[PDB]
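Chemist: Protein chains in written order, with my numbering: chain A, 442 to 712; chain B, 5 to 278. This is the structure I want to talk about, given as structure tokens.
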Amino acid sequence: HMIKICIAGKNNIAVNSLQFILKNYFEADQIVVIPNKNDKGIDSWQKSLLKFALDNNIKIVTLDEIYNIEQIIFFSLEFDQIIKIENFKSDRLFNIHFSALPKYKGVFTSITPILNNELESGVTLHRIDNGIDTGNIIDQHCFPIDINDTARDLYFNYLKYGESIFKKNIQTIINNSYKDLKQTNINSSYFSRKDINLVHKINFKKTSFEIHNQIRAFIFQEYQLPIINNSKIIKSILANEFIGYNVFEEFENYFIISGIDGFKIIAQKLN
Amino acid sequence: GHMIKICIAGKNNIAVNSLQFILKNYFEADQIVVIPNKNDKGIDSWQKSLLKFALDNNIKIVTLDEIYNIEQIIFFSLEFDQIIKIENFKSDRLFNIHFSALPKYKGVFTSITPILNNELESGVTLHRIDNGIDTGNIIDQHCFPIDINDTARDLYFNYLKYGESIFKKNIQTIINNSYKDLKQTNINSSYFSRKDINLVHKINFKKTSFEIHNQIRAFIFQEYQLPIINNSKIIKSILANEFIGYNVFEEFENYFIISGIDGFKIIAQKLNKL
Ligand SMILES: Cc1cn([C@H]2C[C@H](O)[C@@H](COP(=O)(O)OP(=O)(O)O[C@H]3O[C@H](CO)[C@@H](O)[C@H](O)[C@H]3O)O2)c(=O)[nH]c1=O
Ligand SMILES: Cc1cn([C@H]2C[C@H](O)[C@@H](COP(=O)(O)OP(=O)(O)O[C@H]3O[C@H](CO)[C@@H](O)[C@H](O)[C@H]3O)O2)c(=O)[nH]c1=O
Ligand SMILES: Nc1nc2c(c(=O)[nH]1)N[C@H](CN(C=O)c1ccc(C(=O)N[C@@H](CCC(=O)O)C(=O)O)cc1)CN2
Ligand SMILES: Nc1nc2c(c(=O)[nH]1)N[C@H](CN(C=O)c1ccc(C(=O)N[C@@H](CCC(=O)O)C(=O)O)cc1)CN2
């Protein structure tokens, strides 16, 4: 068919990966795009896929419009819809998921690995099957969650590494010469929206590492910041200085906190 | 200096067998004292009673107050139920075996917490006691697997086993005071209190098969409780690699068949099964 590829989703990973295909592989007339339902068609703190496509004379389609395109490559890059694979003639359906699968299937993956005490995360390119982030893994890139990284910092890492893993593998996908491996049952985890209360209530009867992690997992200013006694927190810093157990002291610009193991946290208040 | 050399404080097979080992190999009975836990009524049940062993072997029962002034005494907590304040003691030879791979899973119910948090292994850790909970310097650790179908009960019996073993491995160097240790790191340190665990766990099925399995088996410890699914007590959970479709739930006379979001088969065996 004339149309070779659909890019579906949002943000700079989608925009940049589309730019890369336009520059290196396919002409506009060979590409269609499905923006997310919330795409305003203007750039914000991320670029708009809708705007990029219109600016570049790529057609905006719906899923209904591509299901019958033989051999189309369908590529989800932060797409907001669950696919049903039997809708499609093509079986060339792919996603980049922002975690180190099989762990942290589902949502809010800039939050969940932090909240669960992980030292690393990853991006994973996989085939789409009918389950949520369950299909066979094509490629994965693991990277650290540094000790004072926030959810926002981690999200910007997913965008960066996600764009790179796209570029690394896209020719094998286009050539249908990639290899994949089924995901294991062990280590598989999943979160849905119901599992995370974005207005997090910190549990201080925890270690310093855990309290620190509770704070920084919710630091993502475009959405929210965690609040301690009515002040928003912009950064948490965990040190291995021992300051005594269960410290909590509020100052004008920051809190000094330690948990049951007495390591020092500085929780910096938003200016 | 003093006649008393060692105090064993705590409960269950670990305390009893450790005490038996020192009495056989290291100290006579008049050199040893014991502090049972508050709920020890001196009756052997599914674990042995430390109080009963002491009574049966003429090893004196004491309180912490009676040992604080014993210089050089070796104090060992083997599932002890009291928090120590090290400044009460003249001796600095104060030790604990905690049932986890520290620094993870400080605090309570460590037969439940690693399972519920999706771990594949656990451990026992011999440490110095400081004024924090399970925070003192590590002397030795032995890690072991949590087998995929282990229950909390199964994991508790492995702690008893490996815990008794790590005591024997280290006791000579404690007695000769030549042991080495290392400060715990801040990174990976985790802690649970009784408030963080609801022993009447309501299963979240909007999870992976692995996670649903873990949620069930983490609460299987029949002396205390069993998890309940559709008003049936569950005695065992078995997780397989077989794909059966997403979000399966079917009740049979003797078991449930369950899968989560990733569609792996779980068999949850009912207690009523003959
Ligand atoms: C909405 C929201 C998001 N965030 C943070 C954590 C999220 O990981 C990150 C990105 O948010 P979203 O893109 O809305 O949602 P997230 O669950 O990460 O993304 C999933 O759901 C998105 C919306 O359905 C899909 O477009 C993505 O493909 C899918 O991966 O921003 C917050 O901290 N607070 C928020 O309220
Ligand atoms: C009381 C209770 C226990 N358990 C299981 C899981 C526990 O890890 C295991 C042992 O129970 P306990 O010895 O009462 O509690 P546990 O938190 O494991 O032990 C801590 O607390 C004990 C009581 O303070 C201390 O004596 C120990 O040194 C300490 O390690 O039994 C249950 O599954 N349900 C229960 O209701
Ligand atoms: N079938 C399928 N569709 C896929 C992917 C997948 O692996 N498989 N990857 C992406 C997965 N995805 C985003 O990357 C995506 C988008 C929307 C929702 C969604 O509708 N979420 C609800 C859950 C609804 C439900 O319970 O089924 C939520 O958590 O509240 C979920 C995931 C895009 N579509
Ligand atoms: N200071 C300290 N004491 C220790 C250990 C330790 O690492 N540090 N290890 C063990 C930790 N432990 C179990 O392994 C354990 C037991 C009870 C409580 C506790 O908090 N107990 C009582 C107060 C005790 C009393 O003074 O009578 C309570 O809260 O009711 C805390 C930890 C035994 N004691």
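All C-beta atoms in this analysis are idealised placements derived from N, C-alpha and C, irrespective of residue type, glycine included.
If you measure from the CB of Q229 (chain B), is any heavy atom of ligand 2 nearer than 7 Å?
Modeler: Taking the first residue of the second sequence as 1, we reach residue 229 (chain B) at position 225. Yes, since a heavy atom of ligand 2 falls inside the 7 Å radius drawn around the Cβ of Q229 (chain B).
Chemist: According to DSSP, is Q176 (chain B) helix, strand or coil?
Modeler: Position 172 of the second sequence, counting from 1, holds the residue named residue 176 (chain B). Helix at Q176 (chain B).
Chemist: Could you give the first and the last residue of the continuous alpha helix (DSSP H) run that contains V456 (chain A)?
Modeler: Here residue 456 (chain A) refers to the residue found at position 15 when the first sequence is read from its first residue. Taken as a continuous stretch (DSSP letters only), the alpha helix (DSSP H) holding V456 (chain A) covers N452 to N465.
Chemist: Could you name the residues of the same chain whose beta carbon sits closer than 7 Å to that of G563 (chain A), not counting the 5 residues immediately before and after it, in chain order?
Modeler: For the purposes of this step, residue 563 (chain A) is identified with residue 122 of the first sequence, where counting begins at 1. Cβ within range, chain order: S540, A541, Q581, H582, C583 and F584.
Chemist: Decide if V640 (chain A) is buried, meaning its Cβ has at least 16 other Cβ atoms within 10 Å, or exposed.
Modeler: Along the first sequence, read from residue 1 onward, the residue named residue 640 (chain A) stands at position 199. By the 10 Å Cβ count, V640 (chain A) comes out exposed.
Chemist: Using a Cβ-Cβ cut-off of less than 7 Å, give me the residues of the stretch 486-501 of chain A that come near chain C, in sequence order.
Modeler: Looking at the structure shown, chain C is missing, and the protein chains on hand are A and B.
Chemist: With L556 (chain A) as the anchor, note down where its alpha helix (DSSP H) starts and where it stops.
Modeler: Counting from 1 along the first sequence, the entry for residue 556 (chain A) is found at position 115. Note, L556 (chain A): alpha helix (DSSP H), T553 to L556.
Chemist: For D158 (chain B), decide whether its Cβ has a neighbour in chain A, counting only Cβ atoms nearer than 8 Å.
Modeler: As a working note, residue 158 (chain B) is residue 154 in the second sequence. Answer no: the Cβ-Cβ gap between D158 (chain B) and chain A never drops below 8 Å.
Chemist: If distances are taken between C-alpha atoms only, which option among A:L491, A:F597 and A:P543 comes closest to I660 (chain A)?
Modeler: Numbered from its first residue, the first sequence carries residue 660 (chain A) at position 219. If we check each option's Cα against that of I660 (chain A), A:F597 comes out closest.
Chemist: Check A156 (chain B) in the structure and name its three-state DSSP category.
Modeler: For the purposes of this step, residue 156 (chain B) is identified with residue 152 of the second sequence, where counting begins at 1. Helix.
Chemist: Going by DSSP in three states, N681 (chain A) sits in which element: helix, strand or coil?
Modeler: On the first sequence, residue 681 (chain A) is found 240 positions in, with the first residue counted as 1. DSSP places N681 (chain A) in strand when its eight states are reduced to three.
Chemist: What does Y631 (chain A) pair with, by DSSP beta-bridge criteria?
Modeler: Counting from one through the first sequence, the residue named residue 631 (chain A) turns up at place 190. Answer is A:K546.
Chemist: Return the residues of the stretch 633-659 of chain A that lie within a Cβ-Cβ distance of less than 8 Å from chain B, sorted by chain order.
Modeler: Cβ contacts with chain B: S633, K635, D636, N644, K646, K647, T648, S649, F650 and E651.
Chemist: Run the CB neighbour count on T503 (chain A), radius 10 Å, all protein chains shown included, and call it buried at 16 or more, exposed below.
Modeler: Indexing the first sequence from 1 puts residue 503 (chain A) at position 62. Per the 10 Å Cβ criterion, exposed.
Chemist: Output yes if chain A places a C-beta closer than 8 Å to the C-beta of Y163 (chain B); else output no.
Modeler: On the second sequence, residue 163 (chain B) is found 159 positions in, with the first residue counted as 1. Not one chain A Cβ lies under 8 Å of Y163 (chain B).
Chemist: CB of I578 (chain A) to nearest heavy atom of ligand 3: below 7 Å?
Modeler: The residue labelled residue 578 (chain A) in the question sits at position 137 within the first sequence. The answer is no for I578 (chain A).
Chemist: Under 7 Å: does the beta carbon of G14 (chain B) sit that close to some heavy atom of ligand 2?
Modeler: Walking along the second sequence from the start, residue 14 (chain B) turns up at place 10. Yes, ligand 2 has a heavy atom inside 7 Å of this Cβ.
Chemist: For the stretch 238-272 of chain B, which residues have a CB atom closer than 7 Å to at least one CB atom of chain A, in sequence order?
Modeler: Against chain A - using a Cβ distance shorter than 7 Å - the residues of the stretch 238-272 of chain B are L243, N245, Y250, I265, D266, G267 and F268.
Chemist: Between the stretch 589-603 of chain A and the stretch 496-516 of chain A, are three or more C-beta pairs nearer than 8 Å?
Modeler: The answer is no - the stretch 496-516 of chain A does not touch the stretch 589-603 of chain A, with fewer than three Cβ pairs under 8 Å.
Chemist: When you compare the CB of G572 (chain A) with every CB in chain B, is at least one pair closer than 8 Å?
Modeler: Residue mapping note: residue 572 (chain A) aligns to position 131 of the first sequence, counting from 1. Yes, because at least one Cβ of chain B sits closer than 8 Å to the Cβ of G572 (chain A).
Chemist: If the criterion is Cβ atoms closer than 8 Å, does the pair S194 (chain B) and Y109 (chain B) meet it?
Modeler: By one-based count along the second sequence, residue 194 (chain B) stands at place 190. By one-based count along the second sequence, residue 109 (chain B) stands at place 105. Yes, the Cβ-Cβ distance between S194 (chain B) and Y109 (chain B) is below 8 Å.
Chemist: Excluding the 5 residues flanking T177 (chain B) on each side, which residues of the same chain have their C-beta closer than 7 Å to its C-beta?
Modeler: Residue mapping note: residue 177 (chain B) aligns to position 173 of the second sequence, counting from 1. Taken in chain order, the residues that qualify are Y183.
Chemist: Should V474 (chain A) be listed as close to ligand 1, given that the test is whether its C-beta is under 7 Å from any heavy atom?
Modeler: As a working mapping, residue 474 (chain A) is identified with position 33 in the first sequence. No, ligand 1 has no heavy atom inside 7 Å of this Cβ.
Chemist: Which chain B residues sit within Cβ distance under 9 Å of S605 (chain A)?
Modeler: Start at 1 with the first residue of the first sequence, and residue 605 (chain A) comes out as number 164. Ordered by position in chain B, no residue passes the 9 Å Cβ test against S605 (chain A), which lies about 27 Å from the chain.
Chemist: Please name the residue, chosen from B:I271, B:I90, B:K64 and B:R198, that lies closest to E32 (chain B) on a Cα-to-Cα basis.
Modeler: If you number the second sequence from 1, residue 32 (chain B) lands on position 28. For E32 (chain B), the nearest C-alpha among the options comes from B:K64.
Chemist: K110 (chain B) CB to nearest chain A CB: under 8 Å?
Modeler: In the second sequence, residue 110 (chain B) corresponds to position 106, counting from 1. Chain A, which has a Cβ nearer than 8 Å to the Cβ of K110 (chain B), makes this yes.
Chemist: Under a CB-based cut-off of 8 Å, is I513 (chain A) close to chain B?
Modeler: Taking the first residue of the first sequence as position 1, residue 513 (chain A) is located at position 72. So, not an interface residue.
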